[PDB]
Each structure stands twice: as C-alpha cells, then as structure tokens.
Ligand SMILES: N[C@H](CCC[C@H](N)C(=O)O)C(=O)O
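A lone chain, given as structure tokens: the form deposited without ligand API.
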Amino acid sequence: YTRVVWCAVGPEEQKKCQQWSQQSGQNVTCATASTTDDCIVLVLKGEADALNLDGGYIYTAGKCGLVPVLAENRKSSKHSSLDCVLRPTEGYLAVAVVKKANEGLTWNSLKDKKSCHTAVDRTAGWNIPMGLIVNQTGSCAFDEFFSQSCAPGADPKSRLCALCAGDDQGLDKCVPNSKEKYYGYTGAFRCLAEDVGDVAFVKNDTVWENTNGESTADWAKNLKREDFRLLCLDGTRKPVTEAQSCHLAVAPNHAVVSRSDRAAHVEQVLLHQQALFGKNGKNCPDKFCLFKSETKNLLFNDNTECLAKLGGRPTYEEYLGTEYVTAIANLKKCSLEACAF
C-alpha cells in the first residue's frame, strides 16, 4: 500500500535494516550497497527510496535531484516547549580533537602529522577541515598535508588510507562503510584514542559519548574527557567543555533524502515508523529501537531524539545554507551543475 525501500550501507547497516523491516511488517524493506554513493544511485534509479545522509552527501544527492525530507534532531535545552518533530534543528559542532599528552600540537603545527577522518566527502571529517586547510595553505594538495591518514573512501594505496585497518580480517581496508574499523564518527575517534593518529576530525558529541564510561566498548571504557583537547582556529588548546568557543564550524544535521517524486510518501511512512520505534515509541525498547545500535550510529545517529519536519520546505541548498554550500563548491574545485553519476 505505502511501502518504502531503505538503503543500507554495508553489512552491519543491512542487518539492522532487516530487523526493522521484520518488525515493521514490511512497511519498510531493505536494499544494500557498499557505499553511500552507490546507495544514492539506487535511489536515482528508483530501486531504493531513501536513506539518511551526512550534509556532504546531501550536496552530492542534491545536484542529482534528491531532496531532504526529515532531519535528525537531538536533545536540546532551548525551544523546550515544542515537540521534537516540530522543533527547529540546531546543527552540530565540527571539532578537531587531540590527546592532552600530545603537548604543543596546535592548529598551526598540524602539517606532517597523522590524521583520522570519518570519510572523504563528509562534513566534519573532511569538507570543513580540508576546506580550511586548502584555504590557509593556498594549495589543492590536501593529499600531501598530513604524513599519513585514515580517510575512508580515498585510494587504498595512498597515504590517505595508510592508517585505515579494514575489518576483523584485514579486508576492505579504507572502505567507506562500517566494515572499516576507523570509519565514521566513532571510528575516527577510536583512531585517535588508540594513538594511531594525532588528530581526529569529528563532532563535539562524539567525544562525550565515548568517554567517562558513556561507552562500554573495550577501546573506550577507560577513556576520560580530561585526557583530550580541542584545537581552536586561533591556535589555542581548550578542554572539551569549551566546544562552543572552539569549533571549526556549525554543521547542518544529517537528514533523510529521497527522490523528489517520492518525498511525500517517504515522509508519511517515516513519521509513523518513529511513533512506533522512535525515542518514546510504542515499541522501543520493548521490541525494536530505530535510534539505537550501541554507539555504532547505524542508519541514524544514536543520539537522535527524533526525525523532524523541515518547514520552509527546503531545497537542498537552503537546507545546507549558503555558508556551507560555498565551502564545498570551493573545495571541489581541487578535484558546478552536473550530476556526479
């Protein structure tokens, strides 16, 4: 009657999608691809309907016709009387994080160090820090800036993948999906935590959700926030409590996208699904919780409170904002209307 095919990236997302499919009585069904870009293509072909995307991918999807439908909303102190689904989004803070013990490392001495990125093309892990680095160095050779990195989605034989570890068997090194040990917000933070890299380009929230006992993961259980510092654009180092005055930029929240012609439909189904498996849902945590995967951020971020309606009914450019869009455009000149497929 009103059924939606979700696109999952990699085997772990596929498994979560299947459980959701099952519990939804197949109001939702699953398609799987190895990368986010491949999922976008399935959506364009009409073989999948939707998936939730980081803003860097929304820019890609947007140029090819896809539109934002609902956005991730997390916990807030302000707008509190308003229901989550109607509450305006706030965005997240992109930060650069280092170990306190790595003394004297600042924004201005990052050259030739080792970096941990969520994935190529993502907002906090790539577009913001590389855009800044390209601007302040006046060169498009962002591949020669760090000595070694893990940036999932880059050429596996390049320096940008040297620090990537692949899966439990060493396969799939540097793939941009959760099979890669250092992929995503959690993987990049882990890459820093294990001292594989000197700096991780993540979001403020990641630091908090993976320290001081907030995560039981064996690599994270003994991590304390005091052992980390944020790098500020002014060359200072600050504690992680100061992200409001020490971030690289404010990113637009991850959002669900779909083909324009399927948007109304996707929106209707998802609003019903979250009533069922969302934060206060009929069936979470009883049977299935859509916004939980045990700090793995599968399909949606684990800190998501709800998916919220947009309003003003954005175009992708308005959703991302003119500040962010010009940032991406300029970075992309190193590698304006065309379809990347």
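Shifts are known only where both forms have a C-alpha. Residue numbers run from 1 along the displayed sequence. Just so we're on the same page, rigid core means the largest C-alpha set that superposes within 1.5 Å between forms.
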Missing from the model but present in the deposited sequence, between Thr2 and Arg3: none
Mean temperature factor over C-alpha atoms, higher-scoring stretch between 198-206 and 162-170: 162-170
Stretch with the greater mean C-alpha B-factor as recorded in the entry, comparing 20-28 against 6-14: 20-28
Per the PDB entry, maximal CA B factor within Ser81, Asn177, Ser115, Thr118: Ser81
Residue selected from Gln148, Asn127, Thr137, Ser258 by maximal Cα B factor: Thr137
Third of the chain's Cα B-factor distribution that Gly213 belongs to, per the entry: highest
Third of the chain, ranked by Cα B-factor, where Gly55 sits: lowest
Third assignment of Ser77 from its chain's C-alpha B-factors: highest
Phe300 - which third its CA temperature factor falls in, relative to the rest of the chain: lowest
Chain thirds of CA B-factor: placement of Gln273: middle
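What follows is about the form deposited with ligand API bound, which we do not show.
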Options 160-168, 244-252, 143-151, 97-105; stretch whose heavy atom lies within 4.5 Å of ligand API in the bound PDB entry: 244-252
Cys17, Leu298 and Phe300 all contacting ligand API in the bound PDB entry, non-hydrogen atom within 4.5 Å: no
Distance check, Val256 to ligand API in the bound PDB entry, heavy atom within 4.5 Å: no
is_contact(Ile128, ligand API) in the bound PDB entry, heavy atom dist at most 4.5 Å: yes
Those residues of 311-329 which, in the bound PDB entry, come within 4.5 Å of ligand API by heavy atom: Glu323, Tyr324, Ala327
Rigid-core-referenced C-alpha movement of 2 Å or more between the shown form and the other one, selected from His265, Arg159, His79, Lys113: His79
Superposed on the rigid core, segments between the shown form and the other one of at least 3 residues with Cα shifts of 2 Å or more: 77-79
